[PDB]
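**Q** Structure file target28.txt (compact mmCIF, C-alpha atoms) right here:
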```
# COMPACT_ATOMS: atom_id res chain seq x y z
CA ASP W 149 0.00 0.00 0.00
CA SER W 150 2.96 2.33 0.54
CA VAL W 151 4.51 1.65 -2.88
CA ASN W 152 1.49 1.06 -5.16
CA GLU W 153 2.34 3.81 -7.64
CA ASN W 154 5.37 4.97 -9.57
CA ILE W 155 4.59 8.54 -8.50
CA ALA W 156 1.64 9.29 -6.23
CA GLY W 157 -1.22 10.22 -8.54
CA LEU W 158 -0.33 8.27 -11.68
CA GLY W 159 -2.44 5.13 -11.34
CA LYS W 160 -3.28 2.04 -9.32
CA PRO W 161 -2.67 -1.64 -10.18
CA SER W 162 -6.37 -2.55 -9.67
CA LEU W 163 -7.53 -5.91 -8.28
CA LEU W 164 -11.21 -6.61 -9.19
CA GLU W 165 -13.38 -9.55 -8.11
CA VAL W 166 -15.40 -12.16 -9.99
CA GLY W 167 -17.09 -14.25 -7.31
CA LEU W 168 -16.78 -16.49 -4.28
CA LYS W 169 -15.55 -19.56 -6.24
CA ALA W 170 -18.18 -21.64 -4.44
CA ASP W 171 -21.31 -20.10 -5.93
CA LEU W 172 -19.40 -19.62 -9.17
CA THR W 173 -18.37 -23.28 -9.61
CA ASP W 174 -20.74 -23.74 -12.55
CA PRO W 175 -18.99 -23.24 -15.92
CA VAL W 176 -21.48 -20.90 -17.60
CA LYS W 177 -21.99 -18.96 -14.37
CA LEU W 178 -18.23 -18.40 -14.14
CA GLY W 179 -18.09 -17.30 -17.77
CA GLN W 180 -20.73 -14.59 -17.39
CA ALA W 181 -18.93 -13.32 -14.29
CA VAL W 182 -15.64 -13.00 -16.19
CA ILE W 183 -17.18 -11.35 -19.26
CA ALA W 184 -19.09 -8.86 -17.11
CA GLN W 185 -15.94 -8.14 -15.10
CA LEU W 186 -13.73 -7.71 -18.16
CA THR W 187 -15.82 -4.62 -18.86
CA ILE W 188 -14.80 -3.19 -15.48
CA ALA W 189 -11.20 -4.19 -16.21
CA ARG W 190 -11.45 -2.16 -19.41
CA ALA W 191 -12.73 0.80 -17.38
CA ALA W 192 -10.20 0.41 -14.56
CA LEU W 193 -7.39 0.52 -17.11
CA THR W 194 -8.94 3.55 -18.84
CA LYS W 195 -9.27 5.54 -15.60
CA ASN W 196 -5.45 5.72 -15.54
CA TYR W 197 -5.37 7.07 -19.13
CA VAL W 198 -3.80 3.83 -20.39
CA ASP D 149 -35.71 24.74 -5.19
CA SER D 150 -36.10 28.53 -5.27
CA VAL D 151 -33.71 29.16 -8.17
CA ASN D 152 -33.92 26.04 -10.38
CA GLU D 153 -34.81 28.06 -13.48
CA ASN D 154 -34.08 31.50 -14.90
CA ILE D 155 -37.78 32.28 -15.40
CA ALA D 156 -40.58 30.07 -14.09
CA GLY D 157 -42.02 27.81 -16.77
CA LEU D 158 -39.09 27.45 -19.19
CA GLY D 159 -37.49 24.30 -17.78
CA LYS D 160 -36.14 22.31 -14.87
CA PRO D 161 -32.63 20.83 -14.43
CA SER D 162 -34.04 17.33 -13.69
CA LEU D 163 -32.41 14.91 -11.23
CA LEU D 164 -33.42 11.28 -12.04
CA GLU D 165 -32.62 8.10 -10.06
CA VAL D 166 -30.85 4.87 -11.05
CA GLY D 167 -30.67 2.74 -7.90
CA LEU D 168 -29.65 2.25 -4.30
CA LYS D 169 -25.93 1.69 -5.12
CA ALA D 170 -26.05 -1.32 -2.78
CA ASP D 171 -28.13 -3.80 -4.78
CA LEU D 172 -26.95 -2.15 -8.00
CA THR D 173 -23.31 -3.20 -7.51
CA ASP D 174 -23.54 -5.79 -10.28
CA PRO D 175 -22.32 -4.13 -13.52
CA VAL D 176 -25.00 -5.98 -15.51
CA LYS D 177 -27.72 -4.73 -13.16
CA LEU D 178 -26.19 -1.24 -13.00
CA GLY D 179 -26.00 -0.95 -16.78
CA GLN D 180 -29.67 -1.87 -17.13
CA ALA D 181 -30.59 0.91 -14.71
CA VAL D 182 -28.49 3.45 -16.63
CA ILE D 183 -29.91 2.42 -20.01
CA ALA D 184 -33.48 2.43 -18.69
CA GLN D 185 -32.94 5.79 -17.00
CA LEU D 186 -31.37 7.23 -20.16
CA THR D 187 -34.66 6.66 -21.99
CA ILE D 188 -36.38 8.79 -19.34
CA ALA D 189 -33.61 11.39 -19.64
CA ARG D 190 -34.42 12.17 -23.28
CA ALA D 191 -38.09 12.42 -22.31
CA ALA D 192 -37.41 14.89 -19.49
CA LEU D 193 -35.14 16.94 -21.75
CA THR D 194 -37.83 17.02 -24.46
CA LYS D 195 -40.63 18.31 -22.21
CA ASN D 196 -38.60 21.53 -21.89
CA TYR D 197 -38.50 21.81 -25.71
CA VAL D 198 -34.72 21.36 -25.70
```
Would it be possible to restate this file's structure as structure tokens?
**A**
Amino acid sequence: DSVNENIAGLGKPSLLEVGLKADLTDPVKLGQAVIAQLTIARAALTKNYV
Amino acid sequence: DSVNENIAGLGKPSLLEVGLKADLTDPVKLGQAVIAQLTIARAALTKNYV
């Protein structure tokens, strides 16, 4: 947490979450979670002007 | 509420609501609220003859 950024104010690594891995054990349920969360990953990378 | 508009009767800034931000955490659910509320937004902006 002290050394997340190159210079404070440039951008964060970002972690994101898909599910609990117990409720998400089903294959198609896991797939929809990943696809829906890849949208947020696109946004999280854009928020840092990447 | 006193100064929403320049002259009474021309138009209102409009506020609109999407969700509770607690049950709307799912990006799929959140996007549906935004899309559904965007249809209302063009209606509210039309009633002012914009």
**Q** What gap, in Å, lies between atom CA of residue D:176 and atom CA of residue D:190?
**A**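 Spanning atom CA of residue D:176 to atom CA of residue D:190 is a straight-line distance of 21.9 Å.
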**Q** Mind listing whatever residues come within 10 Å of the point (-20.4, -12.4, -14.7)? Use all atoms listed in the file, file coordinates, and give them as a list in words.
**A**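 Within the cut-off we find residues 166, 167, 172, 176, 177, 178, 179, 180, 181, 182, 183, 184, 185, 186 and 187 of chain W; 174, 175 and 176 of chain D.
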**Q** For atom CA of residue W:196 and atom CA of residue W:158, determine how far apart the two atoms are, in Å to one decimal place.
**A**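 These atoms are spaced 6.9 Å apart.
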**Q** To one decimal place in Å, what is the distance between atom CA of residue W:154 and atom CA of residue W:188?
**A**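 Those two atoms sit 22.5 Å apart.
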**Q** When you look at residue W:153 with a cut-off of 12 Å (counting all atoms listed in the file), what residues show up, excluding the ones that are within fewer than 6 positions of it in the same chain? I need them as a ChimeraX atom specification.
**A** /W:159-162,196
**Q** Can you tell me, as AutoDock Vina command-line options, the centre and edge lengths (Å, one decimal) of the axis-aligned box enclosing all of stretch 163-172 of chain D's listed atoms after padding each side by 5 Å?
**A**
```
--center_x -29.7 --center_y 5.6 --center_z -7.4 --size_x 17.5 --size_y 28.7 --size_z 19.3
```
